[PDB]
Every structure is written in structure tokens, then in C-alpha cells.
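Every residue, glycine as well, gets a Cβ built from its backbone with ideal geometry; the counts of neighbours run over all protein chains shown. No lab work stands behind these numbers, since they all come straight from the coordinates.
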Amino acid sequence: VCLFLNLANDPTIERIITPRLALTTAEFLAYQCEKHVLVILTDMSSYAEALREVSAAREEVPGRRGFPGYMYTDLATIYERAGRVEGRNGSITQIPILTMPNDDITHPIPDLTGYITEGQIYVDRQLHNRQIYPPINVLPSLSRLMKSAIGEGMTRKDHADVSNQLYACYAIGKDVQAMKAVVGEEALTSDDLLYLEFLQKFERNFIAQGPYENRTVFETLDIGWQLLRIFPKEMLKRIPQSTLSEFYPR
Amino acid sequence: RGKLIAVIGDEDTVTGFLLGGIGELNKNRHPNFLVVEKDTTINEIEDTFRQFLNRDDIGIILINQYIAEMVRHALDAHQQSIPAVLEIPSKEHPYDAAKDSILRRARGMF
Amino acid sequence: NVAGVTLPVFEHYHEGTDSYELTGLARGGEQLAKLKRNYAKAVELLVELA
């Protein structure tokens with residue numbers, strides 16, 4: 001680890017050069033020493049505020065909602081210092097972290113970060129108030145390049161199907177828990193009583209992890225199968241039968 | 001207990017439903033039936049059905065189908081629920097799915 | 001109850017105060033007995049339909 005710490009009472013110009021030092025070091029490491037680097041940048045919103053300050057110091061008229069008109073290019077010169085390259089055995093993976101002001105998804109900073117990056121993870125507030133850690137909402141979250149990261153020879157041959165089935169079952173269970181409130185719990189099917197045990201078990205056993213608990217990918221997939229074995233083999237519709245034969249009977 | 005069944009058929013049907021066990025006299029000596037033959041007119045039919053409805057103790061009014069064939073106006077105007085009204089078949093004309101006031105609301109679902 | 005609506009249905013409390021007990025003990029036996037059995041069951045079935 002190489003840690004670059006910039007504090008809220010530090011000079012506001014150093015906040016402009018902090019991610020560029022981080023990414024210069026990352027590029028050295030990855031493309032000259034051939035390591036696999038992961039770069040985590042916390043609260044790009046503070047970076048945007050410092051950008052606004054040093055812009056207004058140049059006597060430039062503000063832009064849309066406060067931030068300069070060239071904020072897209074400035075964020076892009078940071079997010080695009082990443083990727084694999086030809087002839088070198090190293091990479092750079094980036095994980096920006098933002099706080100959405102007013103929980104708005106169309107504020108300039110989240111909106112422009114969506115045009116440069118591939119996917120998003122959502123840290124939810126209903127899941128945080130219900131005392132779940134980590135409070136990650138998987139329905140709005142997405143990874144645009146998951147199809148490339150998973151599979152045979154990379155994690156395991158059952159990864160995509162387990163993930164698809166967990167997503168489907170979770171959405172269906174949420175809908176079932178919606179209907180339960182108006183129809184009543186004594187007028188539910190037996191297949192709608194399974195989508196309500198999956199919900200509790202999924203949020204308390206799969207999502208909720210523990211701040212010092214390290215689960216490899218295979219432990220994650222085994223937990224997924226322990227959760228998918230609630231339903232009879234005939235209800236798991238999104239898993240091909242050639243895999244329901246190898247991993248279901250355990 | 002709080003409500004009694006009630007008939008409007010003919011002599012044979014009211015006796016069949018007395019054999020079943022229904023048929024009652026008011027404390028005013030009014031019956032839970034009004035037998036109809038070649039004698040009485042339809043105004044009697046309709047005000048009898050009216051005093052059947054407005055009577056606040058009757059729950060299930062049975063009416064032979066061939067009786068209701070010309071007083072469809074009296075029973076189609078009935079739109080509440082608890083004064084239940086069933087039309088009954090017999091040998092003269094058996095049950096016809098057309099002239100029903102409770103299959104009235106099943107338009108399309110057939 | 002159905003989804004919050006209260007559908008009204010009927011309970012058939014069976015009372016017993018049979019007045020038709022004479023019914024010609026020696027003039028009409030099993031015949032009328034099975035006849036009233038039939039028509040009482042019919043009464044209950046039409047209660048269900050109501």
C-alpha cells in the first residue's frame with residue numbers, strides 16, 4: 001500500500017495534485033514494474049470543490065450549478081489513466097468513491113462520472129438504517145464488464161448463472177414482500193413463502209458480511225448455492241440444467 | 001337465526017321447500033311465500049316482491065325462474081347484495097343461462 | 001376478508017323445531033321422509049349458492 005493523505009484543513013491546491021501524484025505512482029508501478037495496481041480515490045466531490053475554488057481564483061464565471069464548464073475533461077484526465085496495455089503484464093483498476101449531494105443522481109459530479117466509468121455500486125440508506133453492513137443495494141448497482149471477469153479459468157464455471165439467479169430471486173422476493181402487505185400473510189402461496197425466506201437469508205447471510213471477514217470468490221459462490229437450495233430445482237429457471245446437476249446436489 | 005329463508009314458487013314448490021324445512025309465518029300471520037296460478041296479476045307479484053325486499057329479516061329469496069320471466073323489471077332494479085335472490089328451474093322450463101340477474105355482471109367472462 | 005374487503009357470507013345454523021311430525025305415519029312413510037331429506041339438502045346447497 002502507498003497512502004496519500006490530504007486533510008480538510010490542508011491547502012486546497014494540494015487537493016488538486018493529490019490524485020495526480022497517486023496516478024503517477026500507479027503508472028510507474030503498473031507499466032514499468034509490471035504489477036497489478038488498484039487505485040482508490042475517496043470523495044471525488046471534495047476534489048470537485050477544490051477545482052471550483054482554484055477556478056474562481058482565476059476570475060472565471062461559474063458554470064452549471066457552480067462547477068467549471070471544463071469539469072468533464074478534468075475528471076476524464078483522471079479516470080482514464082487506467083486499463084491494461086499491450087506488451088506489459090500490469091494493469092490499473094480504479095475505484096472512485098463519491099457522495100451524492102442531496103442524494104441526487106443527476107448532480108453534475110455523479111452525472112459526469114457516469115459518462116466515463118463502467119458501472120456503479122450503490123451504498124443504500126434503507127439498508128444502513130436496518131443495521132446491515134455493508135449496506136450495498138444490488139438492484140440499482142451494475143458492473144458493465146462482469147462478463148469478462150468471471151467464468152471458467154478465471155473464477156469458476158457457475159459464476160454467471162448463480163449471479164443471475166440470485167438477482168432474479170431477490171427482485172421477485174421484494175415484489176412478494178410488497179404484495180404481502182395488502183393481501184395478508186395468510187393468503188400467500190407456498191412458492192411466495194419461499195421468496196420471503198430467501199429475502200431474510202440473502203440479506204443476513206449473503207450481503208451482511210462483517211468488517212473483518214474475508215470471503216474468497218469460492219466461499220461467496222458456495223454461500224450463493226446454500227441460498228439457492230431453498231427452492232426446488234424446478235424453480236431455478238435461469239440456471240442451465242447442465243450446471244444444476246453438478247452444483248445443486250450437495 | 002337472525003334471518004330466515006323465503007320462497008316464491010307455486011304450490012308444489014312451496015310444499016317442497018316446507019318439506020325441506022323453510023316456510024314461516026309473521027307475527028302478523030304473513031307467510032314466507034306467495035303462491036301464484038292462473039288467478040293473480042303481476043302488480044301483486046311486484047308489490048309482494050317489494051315487501052319481500054324491504055322486510056328487514058329476509059336473506060335468501062328463492063323465486064322459480066318461470067315466475068321471474070315478466071317481473072325482470074322488479075328484480076333487475078335490485079342492486080344490493082344481502083337480499084340474495086336465486087332463480088330456480090323446474091320441469092316446465094329448466095335453468096336458462098340467459099335470463100339471469102346475477103350472471104348479469106359476468107359480461108364477457110363466459 | 002379478501003385484501004381488506006369484507007365479503008358477507010351465510011352460516012346455516014340448523015335449528016330443530018320440526019312441526020311436520022304427524023305426516024301420515026300410516027299414509028306416507030319412507031317416501032315423504034326421503035322427500036324432505038332431499039329438499040332439506042337442496043335448501044342448504046342453495047344457501048351456499050346465495
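So the values come out like this:
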| quantity | calculated |
| --- | --- |
| Among B:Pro94, A:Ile207, B:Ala6 the positive-end extreme of the charge dipole of the protein assembly as shown (Cβ point charges) | A:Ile207 |
| Chain A: angle of helix A:44-56 to the longest principal axis, Cα-based, in degrees nearest 10 | 20 |
| Length released on extending from A:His36 to A:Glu185, taking residue separation times 0.36 nm less the Cα-Cα span | 48.5 nm |
| C:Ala40-B:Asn54 FRET efficiency (beta carbon distance; Förster radius 35 Å; 0.05 resolution) | 0.80 |
| Charge dipole of chain B about the Cα centre (unit charges at C-beta), most positive-ward option of B:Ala106, B:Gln51, B:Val35 | B:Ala106 |
| Amide N proximity, region B:21-44 versus B:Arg72 label position 7 Å along Cα-to-Cβ, cut-off under 19 Å | B:42-43 |
| Rule-of-thumb Rg ratio for chain B [Cα; 2.2 N^0.38 Å; N residues] | 1.06 |
| Rounded, prolate or oblate (a/c below 1.5 giving rounded, otherwise prolate when a/b exceeds b/c) for chain C by Cα gyration tensor | prolate |
| Helix C:30-49 vs. chain C, principal-axis angle (Cα, 0 to 90°, nearest 10) | 10 |
| GNM result for chain B, Cα springs below 10 Å: residue of B:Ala74, B:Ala98, B:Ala84 fluctuating most strongly | B:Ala98 |
| Förster-model FRET efficiency, 35 Å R0, C:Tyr20 and B:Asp47, C-beta, rounded to 0.05 | 0.70 |
| Cross-link pairs beyond the 26 Å C-alpha cut-off, checked among A:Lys35/A:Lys147; A:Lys157/A:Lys237; A:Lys147/A:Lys180 | A:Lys147/A:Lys180 |
| At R0 = 51 Å, FRET efficiency that the Cβ-Cβ distance of A:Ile116 and B:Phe110 yields, to 0.05 | 0.30 |
| Cβ-placed point charges (K, R +1; D, E -1), dipole of the protein assembly as shown about Cα centre in debye, nearest 20 | 920 |
| Sites matching trypsin sites (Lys or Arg not before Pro) across region A:96-161 that sit in DSSP coil, with at most 14 neighbouring C-beta atoms within 10 Å | A:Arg125, A:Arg130, A:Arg144 |
| Listed residue (C:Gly24, A:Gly151, B:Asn26) projecting farthest to the positive dipole end of the protein assembly as shown, Cβ model | A:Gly151 |
| In region B:44-109, GluC sites (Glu not before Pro) in a DSSP loop with at most 11 other beta-carbon atoms within 10 Å | B:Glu92 |
| Loop GluC sites (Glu not before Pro), region A:24-84 (other Cβ atoms within 10 Å of the site Cβ: 16 or fewer; DSSP) | A:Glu34, A:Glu59, A:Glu60, A:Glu80 |
| Helix A:217-228 vs. chain A, principal-axis angle (Cα, 0 to 90°, nearest 10) | 40 |
| Cα centre as origin, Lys/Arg/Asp/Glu Cβ charges: chain B dipole, Debye | 500 |
| Net charge dipole size for region A:1-53 [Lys, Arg +1 and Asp, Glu -1 on Cβ; Debye, nearest 20] | 80 |
